[PDB]
């Protein structure tokens, strides 16, 4: 068993179909997106409890930016990478307990998600990309 494509860049960690990068250093949501982009990845999208568990396990104990955003003024949250929102792991009350304009999402040390202002400075951020074929 396994995945035929399972190769990851150095400093990245493979999990199933994808590779993950756990970034450190204070960034607002958009700068975080840039850091992922510059490494040819994207802010992470999450599609299963198994992925979430792997992330909770490896991710910063403080908060991390992920690639989930509300862009349409109707509070519909979508992944930056065009994937759609099947799985969710929201904290209690979230996301509707958020304020108008809180268009971004962070992942807590526990793994659960909470909407947050995009201009928050967080000390961690998670990128992913598809594992390469060899």
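Positions refer to the first chain, counted from 1.
Just going by the entry, 11 to 19 versus 115 to 123 on mean CA temperature factor gives the higher value to 115 to 123.
Set 42 to 50 against 84 to 92 and average the Cα temperature factors; 84 to 92 ends up higher. The entry lists a Cα temperature factor for residue 65 that places it in the lowest third of the chain's modelled residues.
The entry lists a Cα temperature factor for residue 107 that places it in the lowest third of the chain's modelled residues. Residue 77: CA B factor in the middle third of modelled residues in this chain (values from the PDB entry). When all modelled residues of the chain are sorted by CA temperature factor, residue 36 is found within the middle third. Among all modelled residues in its chain, residue 55 ranks in the lowest third by Cα B-factor.
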